[PDB]
Amino acid sequence: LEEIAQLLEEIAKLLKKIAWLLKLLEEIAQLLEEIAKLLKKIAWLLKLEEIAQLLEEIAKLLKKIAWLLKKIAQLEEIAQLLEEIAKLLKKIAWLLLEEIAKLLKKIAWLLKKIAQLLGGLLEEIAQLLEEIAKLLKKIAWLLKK
């Protein structure tokens, strides 16, 4: 309950940093790995078992994005990976807490927009990530209540 909420607020903090770094692809990749580790902890606490499996799949997808970013420092595939994460978030919302489920679907929508922006604007993506961080912070607030 409260533990999972604290791990969500930590992810939001890491997303806000990523948005600021978008203006150092190597540093963002490291943060995405941290977010994946936090997602693994949330999955462990839940178990329940279905949502945990889906969160683990999202963690691996973020790891793939991180390895893709490290390769760029040394895009279209990242977009497809983000769309997969969105489809997984919507699946988690379908299982869930109606208010929290709606905030997840909204996060999935914004995640789809970021994927679209990757096809073409870096400033817009940073704003989208900050909106997602706010929505995650909101979900954590409902968990503590």
# chains A, B, ... in the order shown; residues from 1 in each chain; ligands from 1
>>> closest_atom_pairs(of="range 83-132 of chain A", to="range 68-76 of chain A", cutoff="10 Å", atoms="only C-alpha atoms", output="CSV")
residue,atom,partner,partner_atom,distance
A:115,CA,A:76,CA,8.4
A:116,CA,A:76,CA,9.5
A:118,CA,A:75,CA,6.6
A:119,CA,A:76,CA,6.5
A:120,CA,A:75,CA,9.9
>>> write_last_selection(atoms="N, CA, C and O atoms", output="PDB file, in the first residue's frame")
ATOM      1  N   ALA A 115       5.580   8.633 -28.422  1.00  0.00           N
ATOM      2  CA  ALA A 115       6.030   7.779 -29.515  1.00  0.00           C
ATOM      3  C   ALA A 115       5.832   8.461 -30.863  1.00  0.00           C
ATOM      4  O   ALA A 115       6.687   8.360 -31.750  1.00  0.00           O
ATOM      5  N   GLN A 116       4.709   9.163 -31.035  1.00  0.00           N
ATOM      6  CA  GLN A 116       4.474   9.877 -32.285  1.00  0.00           C
ATOM      7  C   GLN A 116       5.479  11.008 -32.469  1.00  0.00           C
ATOM      8  O   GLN A 116       5.976  11.229 -33.579  1.00  0.00           O
ATOM      9  N   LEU A 118       8.482  11.094 -31.438  1.00  0.00           N
ATOM     10  CA  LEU A 118       9.782  10.536 -31.791  1.00  0.00           C
ATOM     11  C   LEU A 118       9.927  10.371 -33.298  1.00  0.00           C
ATOM     12  O   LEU A 118      11.040  10.463 -33.828  1.00  0.00           O
ATOM     13  N   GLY A 119       8.821  10.127 -34.002  1.00  0.00           N
ATOM     14  CA  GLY A 119       8.897   9.982 -35.448  1.00  0.00           C
ATOM     15  C   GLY A 119       9.404  11.238 -36.129  1.00  0.00           C
ATOM     16  O   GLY A 119      10.269  11.180 -37.007  1.00  0.00           O
ATOM     17  N   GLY A 120       8.873  12.391 -35.733  1.00  0.00           N
ATOM     18  CA  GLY A 120       9.286  13.657 -36.307  1.00  0.00           C
ATOM     19  C   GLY A 120      10.596  14.159 -35.732  1.00  0.00           C
ATOM     20  O   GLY A 120      10.677  14.499 -34.552  1.00  0.00           O
TER      21      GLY A 120
END
>>> residues_around(residues="range 10-24 of chain A", least_positions_apart="2", cutoff="12 Å", atoms="only C-alpha atoms", output="number ranges by chain")
A: 3-8, 26-42, 69-70, 72-74, 107, 114, 121-140
>>> closest_residue(among="A:1, A:108, A:51, A:61", to="residue 96 in chain A", atoms="only C-alpha atoms")
A:51
>>> atom_distance(atom1="CA of residue 79 in chain A", atom2="CA of residue 59 in chain A")
15.7 Å
>>> residues_around(residues="residue 57 in chain A", least_positions_apart="4", cutoff="9 Å", atoms="only C-alpha atoms", output="mmCIF file with C-alpha atoms, in the first residue's frame")
data_model
loop_
_atom_site.group_PDB
_atom_site.id
_atom_site.type_symbol
_atom_site.label_atom_id
_atom_site.label_comp_id
_atom_site.auth_asym_id
_atom_site.auth_seq_id
_atom_site.Cartn_x
_atom_site.Cartn_y
_atom_site.Cartn_z
ATOM 1 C CA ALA A 52 3.041 -8.282 -11.609
ATOM 2 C CA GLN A 53 3.779 -10.214 -14.803
ATOM 3 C CA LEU A 61 10.820 -3.091 -22.488
ATOM 4 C CA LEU A 62 12.397 -0.135 -20.684
ATOM 5 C CA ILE A 85 4.318 -0.267 -22.867
ATOM 6 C CA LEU A 88 0.497 -3.050 -21.278
#
>>> closest_residue(among="A:102, A:110, A:143, A:25", to="residue 66 in chain A", atoms="only C-alpha atoms")
A:25
>>> residues_around(residues="range 92-94 of chain A", least_positions_apart="6", cutoff="7 Å", atoms="only C-alpha atoms", output="number ranges by chain")
A: 51, 101, 104-105
